[PDB]
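The listed protein sequences derive, respectively, from chains A, B and C. Heads up: the first sequence runs through residues 211 to 459, 477 to 738, numbered per PDB author numbering. The second sequence begins at 660 in PDB author numbering and counts up by one. The third sequence begins at 660 in PDB author numbering and counts up by one. Think of the CB as a built atom: it goes at the ideal place given N, C-alpha and C, for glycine as much as any other residue.
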Amino acid sequence: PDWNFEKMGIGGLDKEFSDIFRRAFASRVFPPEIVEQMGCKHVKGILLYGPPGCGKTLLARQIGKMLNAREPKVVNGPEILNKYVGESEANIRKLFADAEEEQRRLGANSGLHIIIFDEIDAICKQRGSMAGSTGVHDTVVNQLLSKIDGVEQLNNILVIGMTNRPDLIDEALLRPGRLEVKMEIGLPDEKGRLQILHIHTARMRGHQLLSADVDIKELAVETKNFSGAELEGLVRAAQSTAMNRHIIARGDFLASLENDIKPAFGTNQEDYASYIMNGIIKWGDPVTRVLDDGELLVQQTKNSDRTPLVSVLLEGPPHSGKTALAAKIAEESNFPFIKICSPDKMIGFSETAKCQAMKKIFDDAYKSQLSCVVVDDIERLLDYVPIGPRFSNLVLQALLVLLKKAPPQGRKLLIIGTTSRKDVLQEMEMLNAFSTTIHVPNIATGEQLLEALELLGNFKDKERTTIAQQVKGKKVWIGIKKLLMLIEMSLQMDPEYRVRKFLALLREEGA
Amino acid sequence: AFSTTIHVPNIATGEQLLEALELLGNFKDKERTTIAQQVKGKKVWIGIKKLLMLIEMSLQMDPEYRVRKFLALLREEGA
Amino acid sequence: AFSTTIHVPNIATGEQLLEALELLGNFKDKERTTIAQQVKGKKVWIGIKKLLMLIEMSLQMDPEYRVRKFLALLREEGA
Ligand SMILES: Nc1ncnc2c1ncn2[C@@H]1O[C@H](COP(=O)(O)OP(=O)(O)OP(=O)(O)O)[C@@H](O)[C@H]1O
Ligand SMILES: Nc1ncnc2c1ncn2[C@@H]1O[C@H](COP(=O)(O)OP(=O)(O)O)[C@@H](O)[C@H]1O
């Protein structure tokens, strides 16, 4: 048995490699004298899927190193497509034909010619047969499988499939014998990451550049979700500070410093700022009780085995910063995975491009254990307008099934809408699908207003005395983003005229 | 085009509802009995998949306020 | 554009019904005496392609509740 992971190359996924070893590759490592009776033909092909950056391509070559081929030829799918019809399929034919010579020449004792596809998922779209929608590339796959399971079948081969979209592949491409067996890779647990860190450090520890104040046990777990690929870049970044340390003139952690730089596959901390200008200004009880409620039912999820999915939307009148509150609710529990979906970046897209950004985000999210995702300004991406009813049916349809779509077993998430008007939604039947709602009343009163202004501190006691004298009495109904807007508009004034400008403008709010 | 149809009734009855709690065991005898005093001679029309979210959302709470918000959020739906 | 039409009628009479059942032979005369006394004087609008579902869907029950369900189902459509 040659399958031990004390060999350094990869780690953390030990069970999955064990499995392929268990049922996939046992035939090829066993004394053949027995099986030569049984005539058991080997797996010709295998599939493994998972997130992109989790070190799958070093598995394949490692089994090639483990059980020696001449060498791998690795290819990328898009590296072969041609406008000219003949060329693309022919390339594949060359790849296979390299082996057939040895197989027929040297019979059935030949060594493996191994193949790897970096991503199939474009080429292996599931063709379907009818007069229309035959397909664009539906004829390359025929040549492929005809090589795999075809006439003059060969036992001289091994082929590795790779994808991040396992469901689009045709079911016959992967029927048993052509590729029988599938494995899932999922983003590694902290144990796998401490192994990986042991790996990439193993030279540094030996060369003793980094001798001190370095613990992988904490430094692994402080990140709950990363890809093993980024960590090597991280280690390279960790290597960069010692070289950026000698710009001034034997190694230090800069990891705690640099982790803020890195966009993860998972959570990001640097996207708040555009959404959070000012932080969370608590003007009164409703604000704090709301985000307290957020902190309340988040625990529901994290402590629930029977409700993986939960959902709310923060409704309220406009310009109350519901977006910001949702962002804070995300930021409050230090989740593994948080992400924004917003029209800001999906701008100027068709009804089926933004959908494919959205399915991308959630199926990206499904495979994390615990997550919080947020969608802002539902009305906008739904492309709602009152004059005419107009919207894209596609979007809400594909959205609400996701609100009713449970992720795979053992993974849980909550989802957050910021919709500012729900009458449409009640009419449009998204509101029965959401579990529950939050009214976010905008500030209704001056006694709360001046309090907030004291928290900001723009205005003096006299400037504030002005307000306190004139109106205690009105109930002003105002969204706060507008408040900030016009104080900044009055903050520029002749000081004597500063305040009553604010007041006069403020009395134009309506209702 | 469809041959026949079958109406799944939603759960009208408090007793029937109470039996499910009795079945699931999310709630203890003391509170369930408190509900029995509270809700009987009563018709309640709420969804099952709604119920799950209710009992759990309350089941994460401190016990004193737990049931109180439960039936409050339940009575949020009259019919 | 159509040169002519044909109205196809739908089964109007327990008479046509029960003789159709004489034809199929699924139900024998004894139970049909009951169904006779049930249909006479009343009108029926149902087409047979739906009937031929009702026949077997009732058939799969035990014989005693057989015909009572059959007609009791047909109450819905006949009304
Ligand atoms: N606790 C708070 N109360 C009120 N406003 C806050 C609070 N915390 C932050 N904000 C402010 O909310 C503003 C965000 O704007 P806002 O999200 O209200 O526009 P919007 O509501 O998305 O627009 P629309 O009303 O069309 O949805 C920021 O300036 C932010 O500082
Ligand atoms: N144990 C491991 N787990 C995850 N990733 C690893 C591990 N060991 C190495 N890696 C990194 O995983 C990366 C995989 O990159 P590659 O396979 O080229 O892109 P993709 O993973 O998207 O196909 C490699 O660059 C490698 O540095």
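Discussion item. Please confirm whether C/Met712 has its beta-carbon closer than 8 Å to some beta-carbon of chain B.
Written reply: By one-based count along the third sequence, residue 712 of chain C stands at place 53. True, the Cβ-Cβ gap to chain B drops below 8 Å.
Fill in: Terminal residues of the alpha helix (DSSP H) in which A/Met393 lies
As a working mapping, residue 393 of chain A is identified with position 183 in the first sequence. From DSSP, A/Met393 is part of no alpha helix (DSSP H) but of the beta strand (DSSP E) over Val391 to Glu394.
Worksheet item: From this set, A/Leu658, A/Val600 and A/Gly637, which residue's C-alpha is nearest A/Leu627's C-alpha?
Response: The residue you call residue 627 of chain A lines up with position 400 of the first sequence. That would be A/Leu658, whose Cα lies nearest to the Cα of A/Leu627.
Worksheet item: Mind pulling the chain B residues with CB within less than 8 Å of A/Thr534?
Response: As a first step, residue 534 of chain A is located in the first sequence; it is residue number 307 there, counting from the start. Those are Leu711, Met712 and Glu715, listed as they occur along chain B.
Worksheet item: Pairing CB atoms from the stretch 382–389 of chain A with CB atoms from the stretch 401–419 of chain A, are three or more of them under 8 Å?
Response: No contact exists between the stretch 382–389 of chain A and the stretch 401–419 of chain A.
Practice prompt. Could you check how far apart the C-beta atoms of A/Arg388 and A/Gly255 are, in whole angstroms? I think they sit under 8 Å.
Written response: In the first sequence, counting from the first residue as 1, residue 388 of chain A sits at position 178. In the first sequence, counting from the first residue as 1, residue 255 of chain A sits at position 45. About 6 Å separates the Cβ atoms of A/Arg388 and A/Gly255, confirming a contact at the 8 Å cut-off.
Worksheet item: Counting only beta-carbon atoms, is A/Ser662 nearer than 8 Å to chain B?
Response: Counted from its first residue, the first sequence places residue 662 of chain A at position 435. Judged by the 8 Å Cβ criterion, A/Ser662 is in contact with chain B.
Practice prompt. Give the straight-line distance between the Cα atoms of A/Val726 and A/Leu683, rounded to the nearest whole angstrom.
Written response: Reading the first sequence from its first residue, position 499 is the one you call residue 726 of chain A. Reading the first sequence from its first residue, position 456 is the one you call residue 683 of chain A. Cα-Cα distance, rounded: 15 Å.
Item to complete: Taking only heavy atoms of ligand 1 into account, decide whether any of them is closer than 7 Å to the Cβ of A/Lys728.
Response: For the purposes of this step, residue 728 of chain A is taken as residue 501 along the first sequence, with counting starting at 1. Because no heavy atom of ligand 1 lies under 7 Å away, the Cβ of A/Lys728 does not count as near it: no.
Fill in: Inter-residue spacing [alpha-carbon to alpha-carbon] between A/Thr693 and A/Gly673
Within the first sequence, numbered from 1, the residue matching residue 693 of chain A stands at position 466. Within the first sequence, numbered from 1, the residue matching residue 673 of chain A stands at position 446. Their Cα atoms are separated by approximately 12 Å.
Practice prompt. Take A/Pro545 as the anchor and find which of A/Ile605, A/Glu559, A/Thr534 and A/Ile614 has the nearest alpha-carbon.
Written response: Residue 545 of chain A sits at position 318 when you count from the first residue of the first sequence. Taking only the C-alpha atoms, the option nearest A/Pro545 is A/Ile605.
Worksheet item: Which whole-angstrom value is the C-beta distance of A/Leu364 and A/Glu310, which I expect to be below 8 Å?
Response: Residue numbering aside, residue 364 of chain A sits at position 154 when the first sequence is read from its first letter. Residue numbering aside, residue 310 of chain A sits at position 100 when the first sequence is read from its first letter. In this structure, A/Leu364 and A/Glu310 form a Cβ contact; the two beta carbons are roughly 6 Å apart against a cut-off of 8 Å.
Discussion item. Could you give the first and the last residue of the continuous alpha helix (DSSP H) run that contains A/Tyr259?
Written reply: The residue given as residue 259 of chain A occupies position 49 in the first sequence. It is not in any alpha helix (DSSP H) - A/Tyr259 instead sits in the beta strand (DSSP E) that spans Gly255 to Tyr259.
Worksheet item: At a cut of 8 Å, does the stretch 570–582 of chain A reach the stretch 591–608 of chain A through at least three beta carbon pairs?
Response: Yes, the stretch 570–582 of chain A is in contact with the stretch 591–608 of chain A.
Item to complete: Starting from the C-beta of A/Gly644, find all residues in its chain whose C-beta is less than 6 Å away, skip the five residues before and the five after it, and write them out in chain order.
Response: Here residue 644 of chain A refers to the residue found at position 417 of the first sequence. Closer than 6 Å at the Cβ level, and outside the excluded window around A/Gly644, lie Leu540, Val602 and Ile605.
Worksheet item: Which residues in the same chain as A/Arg337 place their Cβ atom closer than 7 Å to its Cβ, once the five residues preceding and following it in sequence are excluded?
Response: Translated into positions along the first sequence, residue 337 of chain A becomes position 127. Excluding its 5 nearest sequence neighbours in each direction, A/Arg337 has C-beta neighbours in its own chain below 7 Å: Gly345, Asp348, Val351 and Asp380, listed in chain order.
Worksheet item: In the stretch 254–318 of chain A, which residue ranges form an unbroken alpha helix (DSSP H) of at least 4 residues, counting only runs that do not cross its ends?
Response: Along the length of the stretch 254–318 of chain A, whole alpha helix (DSSP H) runs at least 4 residues long occupy 267–276 and 295–316, reported in chain order.
Practice prompt. Would you identify the three-state DSSP class for B/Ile665, choosing helix, strand or coil?
Written response: Working through the second sequence from its first residue, we reach residue 665 of chain B at position 6. B/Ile665: coil per DSSP, three-state reduction.
Worksheet item: Mind listing, in chain order, the residues whose beta carbon lies closer than 5 Å to a non-hydrogen atom of ligand 1?
Response: Taking each Cβ in turn, the ones that pass are A/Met504, A/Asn505, A/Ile507, A/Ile508, A/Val514, A/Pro545, A/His546, A/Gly548, A/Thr550, A/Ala551, A/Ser647, A/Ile707 and A/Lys708.
Worksheet item: Under 8 Å, do A/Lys549 and A/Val667 count as touching if we go by C-beta distance?
Response: On the first sequence, residue 549 of chain A is found 322 positions in, with the first residue counted as 1. On the first sequence, residue 667 of chain A is found 440 positions in, with the first residue counted as 1. Judged by beta-carbon spacing, A/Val667 lies within the 8 Å limit of A/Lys549, meaning their Cβ atoms are closer than that value.
Worksheet item: A/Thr579: which of A/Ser560, A/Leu621 and A/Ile326 sits nearest, CA to CA?
Response: Locating residue 579 of chain A in the first sequence gives position 352, counting from the first residue. For the residues A/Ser560, A/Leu621 and A/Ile326, the minimum Cα distance to A/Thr579 belongs to A/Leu621.
Item to complete: Specify the secondary structure class of C/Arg734 as computed by DSSP and reduced to three states.
Response: As a working note, residue 734 of chain C is residue 75 in the third sequence. Collapsing the DSSP output to three states places C/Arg734 in a helix.
Worksheet item: Is A/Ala412 near ligand 2, in the sense that its beta carbon is under 7 Å from a heavy atom of that ligand?
Response: Residue 412 of chain A sits at position 202 when you count from the first residue of the first sequence. Not under cutoff, so the answer is no.
Worksheet item: To the nearest angstrom, how far is it from the Cα of A/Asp359 to the Cα of A/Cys334?
Response: Residue 359 of chain A sits at position 149 when you count from the first residue of the first sequence. Residue 334 of chain A sits at position 124 when you count from the first residue of the first sequence. C-alpha separation (whole angstroms): 16 Å.
Worksheet item: Between A/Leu269 and B/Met716, what straight-line distance do the alpha-carbon atoms span, to the nearest angstrom?
Response: Position 59 of the first sequence, counted from the first residue, corresponds to residue 269 of chain A. Position 57 of the second sequence, counted from the first residue, corresponds to residue 716 of chain B. One C-alpha to the other measures close to 44 Å.
Item to complete: Return yes when at least one heavy atom of ligand 2 lies under 7 Å from the C-beta of residue 473 of chain A, else no.
Response: A break in chain A separates 459 from 477, and the residue in question, residue 473 of chain A, sits inside that break with no coordinates.
Worksheet item: When burial is assigned at 16 or more other CB atoms within 10 Å of the CB, is A/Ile244 buried or exposed?
Response: As a first step, residue 244 of chain A is located in the first sequence; it is residue number 34 there, counting from the start. With a 10 Å radius around the Cβ and a threshold of 16 neighbouring Cβ atoms, A/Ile244 comes out exposed.
Worksheet item: Sorted by chain position, which residues of the same chain lie with C-beta nearer than 6 Å to A/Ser560's C-beta, five sequence neighbours on each side aside?
Response: As a position in the first sequence, residue 560 of chain A is number 333, starting the count at 1. Counting only Cβ-Cβ distances below 6 Å, and skipping sequence neighbours, we find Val525.
Fill in: Buried or exposed by the 16-neighbour rule on C-beta atoms within 10 Å, applied to A/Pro634
By one-based count along the first sequence, residue 634 of chain A stands at place 407. Flag for A/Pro634 reads buried.
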